[PDB]
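Residue numbers (the entry's author numbering), protein chains in the order written: chain A, 12 to 251, 259 to 314, 324 to 836; chain A', 12 to 251, 259 to 314, 324 to 836. A prime marks a further copy of an entry chain.
The beta-carbon is built from N, C-alpha and C at its ideal position, and this holds for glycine as well.
Contents: one structure, followed by commentary.
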Ligand SMILES: O=C(NC(=O)c1ccc([N+](=O)[O-])cc1)N[C@@H]1O[C@H](CO)[C@@H](O)[C@H](O)[C@H]1O
Ligand SMILES: O=C(NC(=O)c1ccc([N+](=O)[O-])cc1)N[C@@H]1O[C@H](CO)[C@@H](O)[C@H](O)[C@H]1O
Ligand SMILES: O=C(NC(=O)c1ccc([N+](=O)[O-])cc1)N[C@@H]1O[C@H](CO)[C@@H](O)[C@H](O)[C@H]1O
Ligand SMILES: O=C(NC(=O)c1ccc([N+](=O)[O-])cc1)N[C@@H]1O[C@H](CO)[C@@H](O)[C@H](O)[C@H]1O
Ligand SMILES: *Cc1c(COP(=O)(O)O)cnc(C)c1O
Ligand SMILES: *Cc1c(COP(=O)(O)O)cnc(C)c1O
């Protein structure tokens with residue numbers, strides 16, 4: 012139907028249909044009379060999976076023959092989403108499968124909705140790992156993603172009585188057709204025990220053993236026939259009546275390590291189970307890496332054949348674990364082992380907020396990983412000796428830079444460990460990387476300037492454009508070809524169409540179709556109609572005070588009060604959509620969700636408002652839902668307090684899909700505005716410097732409350748129970764926080780935000796000009812392709828060259 | 012190679028080879044360069060499994076169209092063993108697969124050893140269920156086996172320092188290619204809660220819910236194209259940070275229900291988890307049965332379309348559960364519901380030993396299944412009213428027959444419940460069924476004579492002859508054809524070959540080859556040589572005092588002492604093999620295993636003995652091992668105290684495979700001797716009547732110790748530490764038991780046993796006559812085919828006619 016979805020040749024369609032029927036029969040043990048919708052999805056999944064096999068075997072065989080430098084991306088999160096459509100897209104089988112299933116009397120889009128999301132992540136950090144895997148495969152890098160096969164991913168969110176309820180995400184219930192267990196690579200992981208110092212080196216003994224069984228998932232590159240691997244480890248107890263029965267049941271204790279993903283993305287919690295997960299993935303991965311290295324013994328060449336990227340400090344134990352193996356098992360001298368370690372490891376930081384940084388209590392490491400604690404102390408001693416030599420007499424610096432933090436309970440600062448043991452440390456956006464050098468990592472930057480780099484984030488154009496918005500991808504391709512899908516910078520060619528009446532009309536048509544499509548979805552799976560002609564104002568991302576969904580809420584209430592004040596005045600119709608999950612123990616975040624639904628309960632049922640304003644909370648925001656809502660958005664809300672959002676990636680997804688952005692000069696927003704031109708962006712609020720000035724003199728929210736009548740009215744409504752009749756003081760915690768302890772200065776940006784929003788409404792009233800600005804945004808979103816990001820990591824950190832050359836078959 | 016293994020046609024072999032390579036590639040994601048032995052096994056398993064699909068779909072479709080009466084065999088145990096070879100045997104693909112794998116350069120027998128046994132049973136009771144499924148499929152009955160999919164079956168047994176060590180049987184670790192999950196049939200099971208009596212009937216509320224997810228395994232009939240189903244239920248928690263994390267981890271509690279098989283086959287233990295397993299299988303199965311019944324509402328015809336067979340009392344809750352559904356949910360009147368229940372249920376008893384009978388504490392049922400306890404009390408009240416009317420004034424009878432036992436803690440006697448709620452109750456051997464009527468069930472027999480029946484056990488000739496002993500099956504087929512494989516009575520035709528010199532020579536040759544084959548296996552997988560020319564004296568079965576492995580031990584020691592007494596006298600060489608697992612908490616059974624190994628440690632290293640006597644303990648006895656050792660045995664030890672072994676089935680396996688039997692007139696041994704002729708059996712010991720006479724006057728072991736010098740010597744050796752130098756009093760518990768509290772009268776049968784064993788040795792010295800007696804045993808083993816047993820259950824209990832007619836394809 013659509014050319015960017017590939018060819019639907021007769022022989023290919025015929026083959027697909029027969030293999031589909033073959034799997035339904037032999038694999039599913041069903042015939043068209045008793046087959047359930049799920050049976051059909053699995054038959055299709057197997058049929059597509061079959062096309063990956065040859066390429067997967069050939070790719071791995073290829074790496075063995077050429078023996079390239081291998082890239083290992085270690086992450087505790089891989090927010091993959093669904094795999095079926097993405098696989099068809101990268102293999103150019105979408106149209107063929109669509110035709111094949113059509114001929115069999117089935118709707119492929121209906122079958123795609125049956126697949127469960129692989130939600131093995133919380134948000135941005137986990138999704139970045141996913142986009143990176145896609146880009147690394149597309150760029151021909153011998154890359155491996157290593158993580159944990161959680162049997163329960165991020166919880167499914169249910170909204171009950173306006174409150175978030177958490178439900179277990181049993182995503183493996185019906186099976187996962189994409190994974191392949193590799194029992195021959197099962198490896199032992201050690202815990203607890205003690206250290207013995209003998210004549211020849213230290214020895215870690217009396218440990219408890221847990222087995223790590225790997226499951227491999229294929230990662231197909233975009234039409235280059237490359238299929239890389241994502242290997243996830245699953246925990247298994249070693250095999251060696260009340261007592262007997264209990265012993266068997268207690269096996270669950272050991273296997274609980276890979277049971278569930280920790281959902282706290284706001285505050286670090288030093289929980290033992292989480293520490294076990296972190297060591298579990300690191301220990302099994304490093305053994306696998308070393309095995310592959312030896313199967314390709325001087326470790327001097329180890330850094331030339333191995334690159335380990337640490338996604339945040341979560342897998343930071345890789346540093347002392349590599350030292351342990353090299354010193355304790357391989358018997359290399361410390362200095363040489365350290366040289367190898369630093370040269371193979373690199374660390375990526377994702378936030379500057381204190382509460383999110385990992386600082387593990389010493390007593391916990393002491394009990395669980397005694398040898399690693401000793402190695403960490405030794406690393407610290409040698410590092411601090413270097414600091415003392417470079418800054419003689421600077422005693423305060425020694426205290427600040429130590430990997431060991433003193434006080435109540437001694438803790439190990441994992442970020443400091445990562446910097447000391449990595450040859451490269453990077454931020455994820457220009458402004459973020461600069462802040463790292465000026466604030467939290469200043470001392471380290473002064474000691475080792477060369478280590479600090481910037482690698483602005485990106486998103487894959489395949490899942491975030493071709494897959495979720497084929498209509499837009501097609502009108503772009505009709506004019507500039509398909510080459511931009513793997514070379515996004517080519518979108519700049521669209522700048523010469525900004526005045527093309529035909530193109531302007533098509534861009535607007537695609538957006539309208541997406542909105543109608545989403546407006547429908549809303550009614551089918553949920554229960555409310557929305558004016559498809561209203562401006563779709565969307566803010567989707569995890570709920571956090573720093574992301575300021577609260578500021579958005581203040582604007583919504585302002586709009587509502589203005590309508591009530593002058594009912595018969597014309598106002599641009601809006602459908603405000605807010606969605607995202609809140610970490611289970613994050614009280615304020617859960618109160619914000621309740622506030623949003625409470626506002627909707629009032630606004631959506633006010634006769635005077637009509638369909639000029641609607642407030643909808645998008646339930647269970649996840650990758651699959653993002654693929655639906657983003658293409659339908661008109662306005663992207665990226666309003667974090669300047670200096671708090673390291674980069675953001677949702678912002679890039681919206682820009683690539685035809686939405687204009689209203690935001691602060693924070694994270695990647697700065698670079699997006701720079702690429703598109705500030706006149707094509709809706710920028711407002713305090714800049715980082717402004718926030719600093721306010722902190723210097725002290726932030727007093729009362730001042731804003733006293734000087735802004737509209738803000739005062741809103742606060743009084745919240746306090747008096749206007750949005751919670753039956754529970755008058757329901758939102759007292761929110762008002763108290765805003766008035767006395769708001770770390771994110773919501774009131775400080777209120778006035779500029781409301782004024783900026785008025786300018787957005789003004790532009791929406793002029794369809795043609797709104798669309799021309801949209802075109803200017805899409806045309807300059809090329810820099811934000813994760814292919815660009817990965818190419819920079821490859822050349823500037825890993826020391827490998829990207830390849831666009833395809834492979835046999 | 013061997014005609015009884017089917018044809019190896021060119022087209023069939025060619026097809027098998029290509030499908031094997033197809034699975035290795037697409038299913039295993041491997042090529043002949045990195046494929047592991049396990050990869051090859053799975054490729055073969057999938058290839059064979061593919062041939063089952065069409066027949067499986069057609070069979071179930073067939074039952075829907077014809078809507079025959081369905082037979083439901085409920086069991087907490089299904090001791091299946093391996094599936095690959097059995098499937099090839101029943102589909103006549105053995106030779107073809109053998110040739111196909113051969114051409115690919117692989118040894119099929121080597122690949123078969125990779126499959127894990129499905130050890131979902133303890134012994135005889137669980138294996139009977141397995142043979143029954145095979146026979147029901149072979150006889151064309153619309154039969155379903157229902158049970159639990161334990162993720163851990165019977166423990167693997169390790170012998171350390173002569174002691175049994177238990178190891179978890181993680182049989183699903185590498186996956187099970189034979190099963191197919193059926194998520195569309197997931198059903199809820201209720202626990203705890205309370206009963207509410209409203210205007211219209213009782214209601215069970217506030218219950219905890221656990222989901223039952225079924226997994227189906229195909230059960231192929233012998234070359235009749237019928238493929239029945241064995242459906243096993245797996246427990247799943249319903250889907251609805260410390261608290262959040264713990265809530266997810268606590269899901270294991272609910273899922274623990276299907277985690278492990280209880281290994282106590284000696285003493286009943288009222289454990290809550292076991293009760294949960296029993297209700298879990300019954301609740302899910304009955305809902306499935308009713309669904310299928312409605313999908314084919325007067326339940327008057329329910330008994331005409333449904334038959335439920337209870338394997339022991341383990342699934343006895345089916346009786347009150349069926350009443351619950353009919354009365355509480357379907358709203359039928361009690362009397363009508365009871366009529367339906369009795370007419371559809373039948374109960375099979377497997378032992379008369381008190382300690383093995385299920386007697387659940389009332390307080391346990393009260394908490395876990397409140398409604399069922401109420402239903403049970405009502406059943407009891409109505410039943411006892413019938414008893415009172417039939418035997419007016421007999422107050423003691425009312426106490427004896429009650430389903431409720433008074434005393435320390437009130438308990439529900441499940442056997443009494445089963446008799447009251449079943450239209451048929453059967454023993455498993457003629458002598459056992461008679462004892463039931465004369466002793467433990469006498470009162471019930473007097474009230475309802477028509478309910479009591481006998482159904483002598485049997486074994487399937489396919490796994491127990493064709494599969495494990497192809498050599499013997501072939502020489503038999505060469506002379507009488509292949510028809511006997513599904514009509515075992517035809518073996519009688521062999522009686523006309525007892526004087527055939529050619530046949531006599533072939534029977535002896537086959538046995539010699541099997542012994543050499545097993546003698547080798549012993550050295551390869553274990554570490555000792557054995558004289559292939561010695562008489563193979565074998566006793567394999569679970570370790571129990573009533574089975575008297577101890578009596579066997581006394582004979583071994585006697586033989587050893589006699590050799591030591593007169594070293595230079597000729598004695599027929601023997602290799603005594605004893606094997607079997609002991610229930611984890613069965614102290615005496617574990618001491619018997621230690622004694623056996625201790626005896627071996629002395630006998631096997633005595634220079635004077637040489638290779639005239641060897642004592643070997645066969646480690647990890649299981650179905651797979653039985654298929655190897657039984658065909659190699661010369662002498663089968665079936666020496667339980669008369670009146671204790673209900674039937675025994677291992678005895679039948681040995682008879683069918685060319686071993687002579689030494690045993691007591693117990694269980695099926697009586698019928699085996701009757702079929703073959705007492706002169707062709709080595710019978711010894713007290714008969715049931717003799718044991719009764721001894722109990723009347725009182726058993727005094729001292730009397731035997733004082734009158735038998737050889738026995739006295741043995742006891743003194745055990746007591747003085749002759750078999751445990753470092754631990755002089757190691758076997759004091761055994762000596763104390765034998766001398767003061769032996770419920771099984773080991774000493775009472777000692778003299779006759781030793782004398783009988785001498786006659787066995789005398790016959791072994793005459794090869795030709797030994798073989799002629801063997802032929803007479805094999806020729807009359809036909810009655811012991813489970814096909815005969817099932818045909819009797821079908822006609823006399825279930826009310827259905829067996830069919831030997833094959834099906835399409
Ligand atoms: O577990 C399975 N069992 C069988 O396919 C099967 C087929 C035939 C027979 N048989 O007895 O003929 C038994 C099991 N199949 C599984 O069904 C899942 C859901 O579609 C797929 O994702 C898995 O890759 C597939 O192996
Ligand atoms: O998602 C993030 N972090 C987490 O999910 C997370 C996970 C665990 C913990 N923890 O404390 O355990 C804290 C945060 N960080 C996000 O990573 C994105 C990719 O670079 C950035 O663009 C965002 O600005 C950043 O907030
Ligand atoms: O889990 C499996 N995954 C795959 O076969 C597979 C194949 C190809 C790709 N792929 O990405 O191309 C991914 C997974 N296969 C499983 O391997 C087991 C052991 O042989 C079999 O018993 C199961 O029936 C089969 O489904
Ligand atoms: O195997 C048996 N019993 C058990 O495995 C068993 C299971 C559970 C409990 N329990 O108390 O829970 C007791 C015995 N019984 C055996 O069932 C065979 C088949 O009819 C008979 O031939 C044997 O004589 C009988 O001992
Ligand atoms: C892209 C994405 C994110 C990150 O969004 P930000 O606004 O950068 O925080 C989070 N969740 C999902 C499901 C995503 O697709
Ligand atoms: C046949 C069999 C049994 C039963 O043996 P008996 O001697 O009747 O107790 C037990 N275990 C296995 C593995 C069997 O094959």
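At a cut-off of 6 angstroms, would you count residue i as near ligand 3, judging by its Cβ distance to the nearest heavy atom?
i, result
"residue 184 of chain A'", "no"
"residue 188 of chain A'", "yes"
Are the C-beta atoms of residue i and some chain A residue less than 7 angstroms apart?
i, result
"residue 385 of chain A'", "no"
"residue 612 of chain A'", "yes"
"residue 268 of chain A'", "no"
Find the nearest neighbour of residue i within the set the options, judged by alpha-carbon distance.
i, options, result
"residue 226 of chain A'", "A'/376, A'/648, A'/611, A'/191", "A'/191"
"residue 499 of chain A", "A/805, A/220, A/572, A/394", "A/805"
"residue 570 of chain A'", "A'/768, A'/134, A'/69, A'/110", "A'/134"
"residue 355 of chain A", "A/729, A/771, A/399, A/131", "A/399"
"residue 107 of chain A", "A/15, A/755, A/508", "A/15"
"residue 451 of chain A'", "A'/593, A'/376, A'/420", "A'/376"
"residue 308 of chain A'", "A'/198, A'/419, A'/208", "A'/198"
"residue 489 of chain A'", "A'/194, A'/148, A'/240", "A'/148"
If we cut at 7 angstroms on Cβ distances, does residue i have a partner in chain A'?
i, result
"residue 194 of chain A", "yes"
"residue 55 of chain A", "no"
"residue 161 of chain A", "no"
"residue 839 of chain A", "Absent from the structure is residue 839 of chain A, since the part of chain A shown begins at 12 and ends at 836."
So if DSSP puts residue i in a beta bridge, which residue, or which two residues, is it bridged to?
i, result
"residue 240 of chain A'", "A'/155, A'/229"
"residue 83 of chain A'", "A'/155, A'/335"
"residue 386 of chain A'", "A'/440"
"residue 760 of chain A'", "DSSP, once it has assigned bridges, lists no residue as partnering residue 760 of chain A'."
"residue 837 of chain A", "Outside the displayed span of chain A (12 to 836) sits residue 837 of chain A, for which this structure offers no information."
Taking 6 angstroms as the line, does the beta carbon of residue i fall inside it for any heavy atom of ligand 1?
i, result
"residue 41 of chain A", "no"
Flag residue i as yes when its Cβ comes closer than 6 angstroms to any non-hydrogen atom of ligand 2, and as no otherwise.
i, result
"residue 55 of chain A'", "no"
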